[PDB]
4 protein chains.
Amino acid sequence: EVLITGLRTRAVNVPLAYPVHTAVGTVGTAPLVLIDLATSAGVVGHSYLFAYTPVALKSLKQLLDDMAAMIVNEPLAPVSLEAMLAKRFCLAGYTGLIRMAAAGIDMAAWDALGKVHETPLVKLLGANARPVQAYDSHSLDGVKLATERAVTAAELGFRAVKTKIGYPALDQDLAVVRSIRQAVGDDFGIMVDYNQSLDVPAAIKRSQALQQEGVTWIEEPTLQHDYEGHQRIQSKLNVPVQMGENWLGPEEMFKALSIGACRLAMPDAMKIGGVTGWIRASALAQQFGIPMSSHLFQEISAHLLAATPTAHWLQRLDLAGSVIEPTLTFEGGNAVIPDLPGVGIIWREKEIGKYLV
Amino acid sequence: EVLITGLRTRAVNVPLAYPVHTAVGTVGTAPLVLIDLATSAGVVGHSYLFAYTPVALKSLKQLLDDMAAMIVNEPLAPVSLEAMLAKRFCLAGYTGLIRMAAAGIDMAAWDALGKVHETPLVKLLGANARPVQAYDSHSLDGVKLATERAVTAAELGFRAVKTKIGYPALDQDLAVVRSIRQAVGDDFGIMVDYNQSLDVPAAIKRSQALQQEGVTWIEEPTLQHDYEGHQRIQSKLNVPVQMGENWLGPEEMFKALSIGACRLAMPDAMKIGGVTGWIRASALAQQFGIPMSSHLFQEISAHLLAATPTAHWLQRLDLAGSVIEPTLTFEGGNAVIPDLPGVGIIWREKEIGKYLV
Amino acid sequence: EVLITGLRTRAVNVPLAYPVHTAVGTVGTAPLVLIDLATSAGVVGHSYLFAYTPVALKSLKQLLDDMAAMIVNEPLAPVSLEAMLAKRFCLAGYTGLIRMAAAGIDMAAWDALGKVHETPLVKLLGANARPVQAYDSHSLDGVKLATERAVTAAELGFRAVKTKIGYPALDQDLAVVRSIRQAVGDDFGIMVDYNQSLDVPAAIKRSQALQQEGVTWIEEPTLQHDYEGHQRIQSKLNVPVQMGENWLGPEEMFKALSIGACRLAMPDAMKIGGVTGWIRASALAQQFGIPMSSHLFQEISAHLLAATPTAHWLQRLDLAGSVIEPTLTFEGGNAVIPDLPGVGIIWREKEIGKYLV
Amino acid sequence: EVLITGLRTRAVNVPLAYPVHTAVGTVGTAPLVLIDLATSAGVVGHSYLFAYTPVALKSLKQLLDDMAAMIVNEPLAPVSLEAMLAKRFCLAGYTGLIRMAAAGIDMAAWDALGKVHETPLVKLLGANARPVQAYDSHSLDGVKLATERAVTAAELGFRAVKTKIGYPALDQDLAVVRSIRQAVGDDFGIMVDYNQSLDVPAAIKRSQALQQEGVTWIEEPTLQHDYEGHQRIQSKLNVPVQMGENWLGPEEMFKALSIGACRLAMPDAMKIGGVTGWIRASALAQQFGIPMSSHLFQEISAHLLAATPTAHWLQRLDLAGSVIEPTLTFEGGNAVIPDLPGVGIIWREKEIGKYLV
Ligand SMILES: C[C@@](O)(C(=O)O)c1ccccc1
Ligand SMILES: C[C@@](O)(C(=O)O)c1ccccc1
Ligand SMILES: C[C@@](O)(C(=O)O)c1ccccc1
Ligand SMILES: C[C@@](O)(C(=O)O)c1ccccc1
Ligand SMILES: [Mg+2]
Ligand SMILES: [Mg+2]
Ligand SMILES: [Mg+2]
Ligand SMILES: [Mg+2]
């Protein structure tokens, strides 16, 4: 009855409100692929993908353009659709870019399904909208900018911020954390992210020092694929190890959880497999007793977390703000799902034109 | 926006088309509780519960009548509803009758949600209807009746039947299986169910003898709660051990799968937690690499299996046929989801009146 | 020779001497089912069941009334009786309400058996009465009431109290514990109960802070069915994790102990399976090296603990005091078994009439 | 001293000498990306990539074109190069297409390094050329074509063939194997590949039946990422389970071997990480006691296997034969490394022009 009738993609490089500082340099734009899924019902589903680096941008888009053929004229049944794609890409490898691409389609399919039924996604999922606590996500900023950004966050009502650490010396790491703490007060949450930058022993050493500072969590201390190493680090800490942003599919999540690699999880709506993947991941998290946060995709994550039994935090990091309407709002540090069919993603066409690649 | 406005239950004892023969005697009726969930939208959700024994019938109904208060005036958000109930019953114990009761409400909530959206449940779930292979479910019938019933099944187009075994002597067990095989032919599926009747060593001995006969699976050889014993039995067999009908919630399923207690699973829509529980169970099954079949509740199971990544068999066992319209049909041994909003459960009011308890 | 001749049940809502404060509100009554088991010998056995919530009260009673038939005219052989019931309810699920019901019958059967032999239960069990140290059980009371109640306990001679914690903030938790400690002195026992209210990481964090305060034990930090989570929490602590109140049967206890989920146990005479279940549980506790305390049912628990090899504490919490004679006494913080045949439960009929439901 | 000066890629769809038959249909072409790595020394390194499906072809090429920038002006030090890329793609995910791309560069870098030193790759690797036993790789051909192809193989001197199985019915599987055996004789090797097509229980059942036929190995019985499932299947067999073609990097291989998922391995030079990845994989295989075969890339695999301590079989499957010189030869079923610097890959430019995409 409801069919998929077309797929259109547009590659853009959009300005970032909060320039991300790295050891490498300063990056003020994000490589995104915007997706429009047309249907026989007159509704158009929308999603976006994050490419991480501009090196992968055009390849991503082209990959989508080339997959369009397999999905056109198929029913708008996201679950059935995902299984078909999993089977089409089983030799090539259903992971990495291919998996990211499929996830973009899933997310758009689900947004369209919500439009057909005139209902917010969260409601289609069987749950009620609820406000979700969010933390403001910052970067490898230095003591001055880090504290600054943290003070503003608090001013805007957030009760937690995340900072990137992993300086050449541990003492720099500690300097950042201390200055934030001194400025925001003793309760406030301070999450730290190492971005896979340390080896196991270094991780244990730096982390035990942070643990004494009072951090909320320690995120991705070592190489993401090294589940066993994360487990070793975790085993020497009281503070929780957080991870999950790099899991491609619930099957990677399953592996990591099976060995007790972490005490917290934070899947990425895109890497986990879209709405379909998230729902699977949320069941795993519940069973393993793991509090589940989100990574990127703030708009859809708000919906997804409201339906998650072990929902923990929402990551505030606005990637697509320059080309979308501001329907998701933050009131007293909690994200508010807009009362709009689907995900509530509405393009700012005029702006898109500016960033086109 | 859409609220739950009332709950009405009716306890009945309905005639069974296929009298179930047991070691105890012959039982021709089923103790069921029929549920009607009213909503602010004008739609009425429907489900039924199976009480197993008439000893538990009135208690079940009364338990529902007493819970009505906690759900009335709550939004029709099955996922949110389940979490609320899990928290209300956490001291008393969210399992057994209480859990069965909550599952009845879940199933009705989901049927109503489908009505509000004018869509079949399977579609609301994100999948397409597909035909599901079914097996005809029989009892501890004796050689004559067992073969008879099996011949009729084949005549009606089924490609598999399940028989109950567990006679005083192994040789009786084998006599039943052989006569069926001789009558239906070498391909046909023959599933056997021990109904928790043996001890571990007996189980291993009888099962190895059956394995040589050519059975499809060996179901519940020993006490259901003994996961470790099932694992021991499984470890000495090539044929698959099947289990799951007695798991109360996905958390029991998780325990059993964690220790490799079986190679097949067959949750009961009621005991697993309704639609909400099934969806969770299906994610677990996928991750552990377990083919998932259903137990009872044929009407809703047809929908649920179409959305299950590792869907295996549908159990044909008509409990409520005397008081419901025949919307689910069997065409060439596969179950066909009716094209009707919700689950497609429609009462035969006039008949209900007859069976009322 | 001695037969069971009848079963009569009465549902009551009795006033509580110590109103239990919860996050929800104040509850001053308990939903109980009082049981009378008649025999051919002229003796009448007595027990009671706790329903937790009034939502389950009528269902419980009705369930008992409906089981009466299976037990009448059966010999007064509690062990044989339990096995029969386990087999009758094997499809429906021998757990939850059904199991609680069976346990009520067990307890009454054992009380009657003691009457037939004119001997206190403890003696029928092969042991001598001994005084058992008890702790006074309080609730989520706030700093003021908590300290108050604790001072009175000490005044009455108790050497330990249990308080419920799990406030929105850890610091509230600590405030309660500190004020009690300050008031009762440094030796006194302070047991804390989280009532399944935290997630694993929160549990580890709060518990390590309490451990520094000097608490006796940490009870049910997370969801009761999550044995593996309890093990994780336990693994990061020196203080003992206590659990067991929610185990339905010794088979659940066996599972939890098998994975080292706790260092202390505290089965509930009702949930564990009555006298028959307790005796089994006590053997397990001995073998696993676990000190065993009781949960509720103070009257019978006094007898049961005197026969328990690893007996630890008796929980003083008077549920049925308003409708029973005060035969169990407390002398210098130890419970004294009354010298009376059976359990020494004697109804205050006139009061019962008042609370009838 | 020796620098990388440029990267040129060409996407082609080349005819296959042996049309691969699938359940889907007949495919007579291969989507390949041909790579030319220019250097400051005047030498040009060559490699090719296999895209599996034409859906991924253009995306692959574009991805390479976009990475060219990061490698140009870098020294020709394949080991150092790989580490740089691993670090550049750590957020995006160093797996899937990105990893395949990097592997193409590695292979070309190593071919160029051999050219600079005027030596065959195998010799640069520290080993001597040796002839490697090869098996002729066929498809899901049917009884007639399968036997035919097998008879020709034997005629050309091969001592083993691989066939694809996984028919709707087991009996079809067995029919293929039997007819081959009957035609080639009792010694001859018959390898079978299920191509991830079965579930665990089906896998165990079909495999035990094959094991009785006398097959050389059972390849990829179930989903590639399910290491644990492969282990279960392996555990019920004497015949070896073979796997490895889908491992992306030695880190995936490490995971699978750690749990004993198989008794044989067969990494793909491209998916494993090129020359650099293969060398790492070969050390793992040696330590775990695993015989190591190759998957695709026959030209380079000949070199790689000669340097592999546990070398087992070379897979003969000519993907790029239409656009390259025939320097690798087969003499009496063994592959002979050509005596030519590098890998000995020489384009047939005139033919390339024909297949360009
Ligand atoms: C640093 C990060 O890992 C995070 O979680 O914030 C991140 C990863 C990828 C893109 C943006 C941010
Ligand atoms: C025998 C049974 O276990 C089955 O699976 O068929 C069954 C159990 C409970 C009610 C009816 C049938
Ligand atoms: C709080 C509690 O868990 C305890 O152990 O005291 C409790 C549980 C159930 C009823 C009363 C008290
Ligand atoms: C069937 C296969 O798995 C093999 O090993 O031969 C194969 C996989 C991918 C491309 C070609 C061949
Ligand atoms: Mg991160
Ligand atoms: Mg069964
Ligand atoms: Mg408690
Ligand atoms: Mg293969």
# chains A, B, ... in the order shown; residues from 1 in each chain; ligands from 1
$ residues_around --residues "residue 284 in chain A" --least-positions-apart "4" --cutoff "10 Å" --atoms "only C-alpha atoms" --output "tab-separated table (two decimals) with N, CA and C atoms, in the first residue's frame"
chain	number	residue	atom	x	y	z
A	250	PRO	N	23.97	-3.43	16.33
A	250	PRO	CA	23.81	-3.96	17.68
A	250	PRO	C	24.69	-5.18	17.89
A	251	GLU	N	25.09	-5.85	16.81
A	251	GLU	CA	25.95	-6.99	16.93
A	251	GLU	C	27.33	-6.63	17.47
A	253	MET	N	27.74	-4.01	19.56
A	253	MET	CA	27.39	-3.69	20.92
A	253	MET	C	27.33	-4.99	21.74
A	254	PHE	N	26.73	-6.02	21.16
A	254	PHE	CA	26.55	-7.29	21.85
A	254	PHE	C	27.87	-7.91	22.27
A	257	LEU	N	29.42	-5.82	25.22
A	257	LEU	CA	28.70	-5.99	26.48
A	257	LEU	C	28.92	-7.39	27.06
A	278	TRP	N	18.49	0.95	16.95
A	278	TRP	CA	18.35	1.49	18.28
A	278	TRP	C	17.40	0.68	19.14
A	279	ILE	N	16.27	0.32	18.55
A	279	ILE	CA	15.33	-0.46	19.31
A	279	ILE	C	15.97	-1.77	19.75
A	280	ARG	N	16.78	-2.39	18.88
A	280	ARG	CA	17.43	-3.62	19.26
A	280	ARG	C	18.47	-3.38	20.35
A	288	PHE	N	21.46	-6.21	29.95
A	288	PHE	CA	22.77	-6.23	30.58
A	288	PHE	C	22.86	-5.25	31.72
A	289	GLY	N	21.78	-4.50	32.02
A	289	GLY	CA	21.86	-3.52	33.10
A	289	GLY	C	22.79	-2.33	32.84
A	290	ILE	N	22.68	-1.77	31.63
A	290	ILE	CA	23.52	-0.65	31.18
A	290	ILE	C	22.76	0.64	30.87
B	254	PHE	N	16.77	-14.23	28.88
B	254	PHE	CA	18.16	-13.80	28.86
B	254	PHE	C	19.06	-14.72	29.66
B	280	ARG	N	11.35	-7.18	22.68
B	280	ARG	CA	12.62	-7.29	23.36
B	280	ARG	C	13.23	-8.67	23.18
B	281	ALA	N	12.40	-9.69	23.35
B	281	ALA	CA	12.84	-11.05	23.17
B	281	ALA	C	13.40	-11.31	21.76
B	283	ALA	N	14.99	-9.26	19.78
B	283	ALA	CA	16.32	-8.73	19.65
B	283	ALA	C	17.38	-9.64	20.28
B	284	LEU	N	17.06	-10.23	21.43
B	284	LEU	CA	17.92	-11.17	22.14
B	284	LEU	C	18.16	-12.39	21.26
B	287	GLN	N	20.53	-11.76	18.42
B	287	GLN	CA	21.91	-11.63	18.85
B	287	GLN	C	22.52	-12.96	19.27
$ residues_near_ligand --ligand "ligand 1" --cutoff "8 Å" --atoms "only C-alpha atoms and all ligand atoms" --output "CSV table (one decimal) with C-alpha atoms, in the first residue's frame"
chain,number,residue,atom,x,y,z
A,52,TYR,CA,33.2,12.7,9.9
A,137,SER,CA,29.2,18.8,24.3
A,138,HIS,CA,32.5,20.8,23.9
A,139,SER,CA,36.0,20.0,22.6
A,162,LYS,CA,31.5,17.1,28.3
A,164,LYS,CA,37.8,16.5,25.4
A,193,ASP,CA,36.4,12.1,26.5
A,195,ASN,CA,38.8,9.9,22.0
A,219,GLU,CA,34.8,8.0,27.5
A,220,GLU,CA,36.7,5.9,25.0
A,245,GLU,CA,29.7,5.8,19.6
A,295,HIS,CA,25.8,10.2,20.4
A,296,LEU,CA,25.0,12.9,17.9
A,315,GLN,CA,24.2,14.5,23.9
A,317,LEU,CA,25.8,18.7,19.8
D,91,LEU,CA,36.5,8.5,14.2
D,92,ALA,CA,34.9,7.6,11.0
$ residues_around --residues "range 339-342 of chain D" --least-positions-apart "4" --cutoff "7 Å" --atoms "only C-alpha atoms" --output "list in words"
residues 111, 112, 114, 115, 118, 119, 120 and 121 of chain D
$ closest_atom_pairs --of "chain C" --to "chain B" --cutoff "8 Å" --atoms "only C-alpha atoms" --output "CSV"
residue,atom,partner,partner_atom,distance
C:51,CA,B:92,CA,7.2
C:52,CA,B:92,CA,5.5
C:53,CA,B:92,CA,7.2
C:55,CA,B:66,CA,5.4
C:56,CA,B:63,CA,6.2
C:58,CA,B:62,CA,7.0
C:59,CA,B:59,CA,4.6
C:60,CA,B:59,CA,6.9
C:62,CA,B:59,CA,5.5
C:63,CA,B:59,CA,5.2
C:66,CA,B:55,CA,5.4
C:67,CA,B:55,CA,6.2
C:91,CA,B:52,CA,6.8
C:92,CA,B:52,CA,5.5
C:93,CA,B:96,CA,6.5
C:94,CA,B:96,CA,7.9
C:95,CA,B:96,CA,5.8
C:96,CA,B:96,CA,4.7
C:97,CA,B:97,CA,6.4
C:98,CA,B:96,CA,7.7
C:225,CA,B:251,CA,7.9
C:246,CA,B:93,CA,7.0
C:251,CA,B:225,CA,7.9
$ residues_around --residues "residue 108 in chain A" --least-positions-apart "3" --cutoff "7 Å" --atoms "only C-alpha atoms" --output "PDB file with N, CA, C and O atoms, in the first residue's frame"
ATOM      1  N   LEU A  37      13.295  10.908   1.384  1.00  0.00           N
ATOM      2  CA  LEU A  37      12.715   9.659   0.947  1.00  0.00           C
ATOM      3  C   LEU A  37      11.271   9.900   0.528  1.00  0.00           C
ATOM      4  O   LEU A  37      10.440  10.212   1.386  1.00  0.00           O
ATOM      5  N   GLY A  45       9.971  11.606   3.737  1.00  0.00           N
ATOM      6  CA  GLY A  45      10.736  11.398   4.943  1.00  0.00           C
ATOM      7  C   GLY A  45      12.082  12.088   4.818  1.00  0.00           C
ATOM      8  O   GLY A  45      12.616  12.126   3.712  1.00  0.00           O
ATOM      9  N   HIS A  46      12.630  12.558   5.949  1.00  0.00           N
ATOM     10  CA  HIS A  46      13.916  13.239   6.032  1.00  0.00           C
ATOM     11  C   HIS A  46      14.855  12.667   7.089  1.00  0.00           C
ATOM     12  O   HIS A  46      14.443  12.359   8.206  1.00  0.00           O
ATOM     13  N   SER A  47      16.141  12.648   6.764  1.00  0.00           N
ATOM     14  CA  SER A  47      17.200  12.303   7.690  1.00  0.00           C
ATOM     15  C   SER A  47      18.460  12.947   7.183  1.00  0.00           C
ATOM     16  O   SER A  47      18.470  13.476   6.083  1.00  0.00           O
ATOM     17  N   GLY A 104      20.776   5.721   7.289  1.00  0.00           N
ATOM     18  CA  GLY A 104      20.184   6.965   6.836  1.00  0.00           C
ATOM     19  C   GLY A 104      18.822   6.693   6.227  1.00  0.00           C
ATOM     20  O   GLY A 104      17.858   7.430   6.443  1.00  0.00           O
ATOM     21  N   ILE A 105      18.738   5.611   5.457  1.00  0.00           N
ATOM     22  CA  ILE A 105      17.473   5.243   4.847  1.00  0.00           C
ATOM     23  C   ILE A 105      16.455   4.849   5.918  1.00  0.00           C
ATOM     24  O   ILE A 105      15.298   5.274   5.861  1.00  0.00           O
ATOM     25  N   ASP A 111      10.785   8.363   9.773  1.00  0.00           N
ATOM     26  CA  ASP A 111      10.233   9.712   9.781  1.00  0.00           C
ATOM     27  C   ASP A 111       9.002   9.775   8.863  1.00  0.00           C
ATOM     28  O   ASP A 111       7.957  10.306   9.213  1.00  0.00           O
ATOM     29  N   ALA A 112       9.075   9.155   7.695  1.00  0.00           N
ATOM     30  CA  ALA A 112       7.946   9.131   6.786  1.00  0.00           C
ATOM     31  C   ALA A 112       6.776   8.344   7.368  1.00  0.00           C
ATOM     32  O   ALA A 112       5.620   8.709   7.235  1.00  0.00           O
TER      33      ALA A 112
END
